[PDB]
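Novice: everything below, folded, please.
(6 chains, ligands or ions: 3)
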Amino acid sequence: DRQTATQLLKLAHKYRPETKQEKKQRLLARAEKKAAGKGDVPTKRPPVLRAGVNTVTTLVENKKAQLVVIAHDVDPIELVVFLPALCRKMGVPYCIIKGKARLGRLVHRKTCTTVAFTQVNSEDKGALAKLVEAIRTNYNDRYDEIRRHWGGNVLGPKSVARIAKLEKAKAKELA
Amino acid sequence: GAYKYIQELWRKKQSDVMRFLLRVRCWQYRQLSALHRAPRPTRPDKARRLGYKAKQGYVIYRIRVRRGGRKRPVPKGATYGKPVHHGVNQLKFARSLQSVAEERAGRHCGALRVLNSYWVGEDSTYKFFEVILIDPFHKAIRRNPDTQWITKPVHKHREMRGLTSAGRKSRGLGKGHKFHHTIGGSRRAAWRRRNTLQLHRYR
Amino acid sequence: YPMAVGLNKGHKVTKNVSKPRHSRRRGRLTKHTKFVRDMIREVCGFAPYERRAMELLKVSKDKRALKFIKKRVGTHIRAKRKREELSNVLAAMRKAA
Amino acid sequence: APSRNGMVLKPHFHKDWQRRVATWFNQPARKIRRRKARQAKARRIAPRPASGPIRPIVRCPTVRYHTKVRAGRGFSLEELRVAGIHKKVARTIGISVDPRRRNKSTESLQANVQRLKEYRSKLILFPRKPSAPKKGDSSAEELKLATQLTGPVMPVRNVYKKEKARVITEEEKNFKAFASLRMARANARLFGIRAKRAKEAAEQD
RNA sequence: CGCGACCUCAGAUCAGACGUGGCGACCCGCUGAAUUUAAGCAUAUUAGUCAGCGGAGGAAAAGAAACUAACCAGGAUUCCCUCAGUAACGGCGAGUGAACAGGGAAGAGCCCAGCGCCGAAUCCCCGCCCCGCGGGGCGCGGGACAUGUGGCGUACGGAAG
RNA sequence: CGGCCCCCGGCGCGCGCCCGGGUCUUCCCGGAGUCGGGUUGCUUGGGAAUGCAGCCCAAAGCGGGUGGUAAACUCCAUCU
Ligand SMILES: [Mg+2]
Ligand SMILES: [Mg+2]
Ligand SMILES: [Mg+2]
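Specialist: Numbers count the residues shown, from 1 in each chain, chains lettered A, B, ... in the order given. Ligands and ions are numbered 1, 2, ... in the order given. Have a look at this structure:
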């Protein structure tokens, strides 16, 4: 639902990946201070979110990811269909978001089909841990039932209306 | 990580998931043209194990081929020869259908060079193949010296000569005791060497 | 007393023992790949010929069950390895319950 | 069409054979052509030897030929490994490498290893500008010739043993006969059968 | 109802490129007879040749083993001499008929997808410049491609840390 | 043989790129409507089917292919 998905993108917004504009200056600030002080470790932890099906699958089956946002409208759906079944087995929480265009704008691209959460900030772990029980209630714990749930198979409205009109005639037959 | 799962999921194409989306789109493919330019590969693992990369210059076409063997194009089934040549209706066309499918893809686009292709659905009448093509004159292809081989002019129209892995299966060549009907060069290059009279000068 | 014909044949030379050529270790299971194929037989399922096979292999008999896999998958030597891996699905479904 | 006592013949001239005829009138014209493809290659290279790299000692297959020694393709990894030289450095030394060859004998393994160390001790390299790692002074006093011929260390050299003279002793003029062939020839073919009758008396109880 | 994204697609005398046809001796992919021979004729032979059709190049095709072998084992392809008119095929008739060792010519090997690893570390296009001839860039700033995966180290002779 | 004019392959100043090898330990390791089987045509010396092609069925992972008489059992060889 969109209230959780807006809270999720609020959390993922400050973990935005590096763009080529800020990649120019980030290699400057590393190099101007190394030219001035030679820092042995200036930044111990730059945190970021990963992107890409082929990168996420490496993180889940190594159990390095902490929450796997997964998209909805992948055109060859077999690119993604294994991944909910796999996050159950490695126990990583996953959530299906609406629209692969919208999480593609997080990573400054068009479509990106998956992102992952590995190292959140420890002061903002408490926002990631807030909605993660709201998520693995809905996806991981329900896996015995969401694997059973068939889809489709409803007739069209011009043909289910004549179903109801036969049932009302059967309802008018009895009383 | 991803593509090993996509491979193994594809290799079971009778299970209820996979035989659904192999025919929810075999319908969708059937409604289009005989050949149609796909914007992106419909199975990106199998394209890239056949030589595809996702950059400017490569292009996929899915094209359609009508299934079945060939009928001998002869008026009223009258072939006018000895009775071993009354073969109107059991004739089988010794080159493959995928090699036919690559052939009428690189024929429409003669500015394009063809690498190879793969299978994306079959109905009872039509059979659908995605054919991958390469523009020899784009600078992402004309640089990158591990790609410069195809822009070298001996590779003009590779399937009309039978050079791709779909098409080279029909020539019957390879090493072995099972394949030395073509043990020099090609099939008729063996025949010319077996049937030449090699009379020397002092004989 | 070495000789050319018989049961101890040939010029008697000494063996060079060595670690085998690497391409001969080709179809091993390599446990990570065992994980991938076993993760995918529960997202995807069984083929329609082999769900009909295990409904003979639990009740009807096995000899008519192998003669069924003899016909659909090709050879005899492929039909037994398919049959004993269906009986191990049928054991893990029933006998681990 | 036949006649008196002669041969019955199958000439294969029932096919249009005048089109596929190959007459060798250019064959002196090509023998003087591929001499020039060797001479203008030999001076083209270097003082590096003509007729290419060094080949192994290789014994032929197929019982008719298994008693002789042939030059092979490449020395291979097992034989390169013991000699100490790297598998990709070996072909700029002048040593051909055939990685698909196997060693399953040890006598022929050590033969090509002895061959390959013998080569390197009669090889002189040229450092570019004279630093010379693993190489010494002036180049073997200008290397005693320039360029070799048709094989470096005479690659066939099919050699046999002397085995001069013995005295015919007892147990040697007594035993190892024709009968030892015929009995060993029979024991190879009655081997699987007699091990089947042996199972039959084991299930006899 | 409007707006934004993305996917699928359109249009244009868009900017910049490309393909077409010829020649066809040799070469590559298919298609393909009959005369003739068998003293007749159907299977066979002629012949996978003639004609038909499509693609190239200065050569093409092949080519680094899902090989040959069966013993003391050879080691990509192509060409020659043999094997050999032989094993085999065939109204077992007419006829047809390869290969492996062996001797030579020539000799040269390699790369990717995948599995992981590196903050996409990669490419195209435009603009002004370092500074240049006969124009191609490594250097600078913008627009795209690209995570549905570009680039690096890697390929079964093992590889990586 | 000489003299003329142009064109070409390769020594040395300035760009560009630049840690390999051995031993051990740990981890990685592969191409699917494909192989294969059926049947049906063609082809081949290839014969209980050498090759190819259609249609149907359709894999495995100490697996797979080959080992020239169909099959079951087994061992070994060889290739990937
Ligand atoms: Mg594009
Ligand atoms: Mg003569
Ligand atoms: Mg030309």
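Novice: quick one: is the helix ranked longest in chain D near RNA strand E?
Specialist: The longest helix of chain D (DSSP state H) is helix D:27-45. Yes - on the criterion CB under 7 Å from any atom of the strand, helix D:27-45 is in touch with RNA strand E at D:34, D:37, D:38, D:41. C-betas here are computed from N, CA, C, even on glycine.
Novice: with stretch D:61-76 instead?
Specialist: Yes - judged by CB under 7 Å from any atom of the strand, stretch D:61-76 comes into contact with RNA strand E at D:61, D:62, D:63, D:64, D:65, D:66, D:67, D:70, D:72, D:73, D:74.
Novice: do the same with stretch A:118-129
Specialist: No - if you take CB under 7 Å from any atom of the strand as the test, stretch A:118-129 misses RNA strand E, and the best it gets is 10.9 Å.
Novice: quick one: buried residues of that stretch?
Specialist: A:120, A:128 (16 or more other CB atoms under 10 Å in any protein chain shown).
Novice: that one vs chain B: in contact?
Specialist: No - judged by CB under 8 Å from any CB of the partner chain, stretch A:118-129 and chain B are separated, with a smallest distance of 14.4 Å.
Novice: ok, and what's touching that stretch?
Specialist: Stretch A:118-129 is contacted by residues A:11, A:14-15, A:45, A:47, A:49-50, A:59, A:64-67, A:117 when judged by CB atoms under 8 Å, 6 or more residues apart in numbering or on different chains.
Novice: what would those residues look like in TSV with secondary structure, distance to residue D:137 and neighbour count?
Specialist: What follows is the contacts of stretch A:118-129, written out as TSV (DSSP: H, G, I helix; E, B strand; the rest coil; distance: CB to CB, whole Å; neighbours: other CB atoms under 10 Å in any protein chain shown):
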residue	secondary structure	distance to residue D:137	neighbour count
A:11	helix	74	18
A:14	coil	70	11
A:15	coil	67	19
A:45	coil	60	7
A:47	coil	63	13
A:49	coil	65	22
A:50	strand	61	19
A:59	helix	61	21
A:64	coil	60	16
A:65	coil	65	27
A:66	coil	68	17
A:67	strand	71	24
A:117	strand	67	23
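Novice: now, among the residues you listed, which is nearest to RNA strand F?
Specialist: residue A:64 (15.1 Å; CB to the nearest atom of the strand).
Novice: return the distance of that closest one relative to residue A:116.
Specialist: 8 Å (CB to CB, to the nearest Å).
Novice: ditto for residue D:116
Specialist: 54 Å.
Novice: which strand or helix spans the nearest residue to residue D:78 once chain neighbours are set aside?
Specialist: Nearest residue to residue D:78, sequence neighbours excluded (CB to CB, 6 or more residues apart in numbering or on different chains): residue D:103, at 4.6 Å. Assigned by DSSP states H and E, residue D:103 falls within no helix or strand.
Novice: repeat that for residue D:70.
Specialist: strand D:69-71.
Novice: which strands and helices sit next to that strand?
Specialist: Helices and strands touching strand D:69-71, by 3 or more CB pairs under 8 Å, 6 or more residues apart in numbering or on different chains; DSSP states H and E, are strand D:57-59.
Novice: quick one, strands of the chain?
Specialist: Let's take chain A. Per DSSP state E, chain A carries strands over the ranges A:50-51, A:67-70, A:94-96, A:114-117.
Novice: oops, I was thinking of chain B
Specialist: Going by DSSP E, chain B shows strands at B:35-37, B:58-66, B:113-122, B:126-134.
Novice: is the longest one anywhere near RNA strand F?
Specialist: Yes - shown here: strand B:113-122 in contact with RNA strand F (CB under 7 Å from any atom of the strand) through B:118, B:119, B:122.
Novice: interface residues of chain B facing chain C?
Specialist: Residues of chain B lying near chain C (CB under 8 Å from any CB): B:4, B:5, B:8, B:9, B:12, B:14, B:15, B:16, B:17, B:18.
Novice: which of those residues fall in helices?
Specialist: B:4, B:5, B:8, B:9, B:18.
Novice: with adjacent residues omitted, what lies nearest to the fourth one?
Specialist: Read it as residue B:9. Nearest to residue B:9 is residue A:78, by CB to CB, 6+ apart, at 5.5 Å.
Novice: I'd say that neighbour and residue B:8 touch.
Specialist: No - contact criterion CB atoms under 8 Å: residue A:78 and residue B:8 do not qualify, at 10.6 Å.
Novice: picking up where we left off before, now the residues of stretch D:61-76 next to RNA strand E: which count as buried?
Specialist: Buried subset of those (neighbour count, 16+ other CB under 10 Å): D:72, D:74.
Novice: tabulate the residues of stretch D:61-76 next to RNA strand E (CSV), appending secondary structure.
Specialist: Listed next are the residues of stretch D:61-76 next to RNA strand E as CSV, based on DSSP: H, G, I helix; E, B strand; the rest coil:
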residue, secondary structure
D:61, coil
D:62, coil
D:63, helix
D:64, helix
D:65, helix
D:66, coil
D:67, coil
D:70, strand
D:72, coil
D:73, coil
D:74, coil
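Novice: burial measure for the closest residue to chain C within chain D, as a count.
Specialist: Residue of chain D nearest chain C, by CB to the nearest CB: residue D:184 (3.3 Å). Taking other CB atoms under 10 Å in any protein chain shown as the neighbour definition, residue D:184 ends up with a count of 17.
Novice: my guess is it contacts residue C:1. True?
Specialist: No - counting by CB under 8 Å, residue C:1 is not a contact partner of residue D:184; they are 9.6 Å apart.
Novice: which strand residues bridge the residue most central in space within chain D?
Specialist: Central residue of chain D (CA atoms, centre = their mean): residue D:70, 2.5 Å from the mean position. Here residue D:70 sits in beta bridges with residue D:58, as judged by DSSP bridges.
Novice: what sits against it?
Specialist: By CB under 8 Å, 6+ apart, residue D:70 lies in contact with D:58, D:59, D:60, D:156.
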